[PDB]
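A short write-up of the structure that comes next.
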Amino acid sequence: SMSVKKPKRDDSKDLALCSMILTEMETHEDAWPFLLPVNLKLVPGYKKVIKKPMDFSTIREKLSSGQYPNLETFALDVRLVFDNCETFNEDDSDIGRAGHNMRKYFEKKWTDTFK
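The authors' numbering numbers the first residue of the sequence shown as 1856 and each following residue consecutively.
Laid out in structure tokens, this is it:
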């Protein structure tokens, strides 16, 4: 509350560390569905169904330009990528499996780096 604060957690490396995680996600072999924004002209249904599209290139640009106020807003956009994928793709599809694999990969790196 006013003039009453928990001890200050060091957040000075968060930017660098989120960039590293994002690099590891970018270079994973199953990243290919997620590297670029879904082409809303060429994929029927996407625009109407997926209210907030997100992809790794968009996260990278937001990251690089100070548009994440903290590491939690960064994790929310990563999770959005996989939540969108589960909304639009069957579990038993190459893309559906890719999204489950990548979410696992991310959540481990996240826990190991920050928890």
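C-beta: ideal position from N, C-alpha, C; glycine also.
Test item: CB-CB of residue i and residue j under 8 Å
i       : j       : result
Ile1905 : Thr1942 : yes
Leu1918 : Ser1874 : yes
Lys1964 : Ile1876 : yes
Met1880 : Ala1886 : yes
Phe1961 : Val1933 : yes
For residue i, the nearest candidate out of the options (CA to CA)
i       : options                               : result
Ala1930 : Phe1911, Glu1945, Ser1920 and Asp1946 : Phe1911
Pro1908 : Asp1967, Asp1938, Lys1970 and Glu1927 : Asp1938
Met1957 : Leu1897, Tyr1901 and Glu1884          : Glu1884
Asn1944 : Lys1959, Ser1920 and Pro1899          : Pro1899
Nonlocal neighbours in the same chain, by C-beta distance under 6 Å from residue i, ignoring five residues either side
i       : result
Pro1888 : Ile1950 and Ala1953
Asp1946 : none
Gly1921 : none
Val1936 : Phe1889 and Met1909
8 Å Cβ shell around residue i - same chain, five flanking residues per side excluded
i       : result
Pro1892 : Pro1908, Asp1910, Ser1912 and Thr1913
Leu1895 : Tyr1901, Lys1902 and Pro1908
Contact belief for residue i with residue j at Cβ below 8 Å, rounded distance in angstroms
i       : j       : result
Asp1967 : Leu1926 : Actually they are not in contact, since the Cβ atoms of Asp1967 and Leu1926 sit about 14 Å apart, beyond 8 Å.
Next on the checklist: To test your reading of the DSSP string, which unbroken alpha helix (DSSP H) runs of 4 or more residues are found completely within the region 1882–1960?
Outcome noted: 1901–1904, 1911–1919 and 1926–1943
Checklist entry - Can you list the alpha helix (DSSP H) stretches of 4 or more residues lying completely in the region 1857–1886, in chain order? => result 1869–1882
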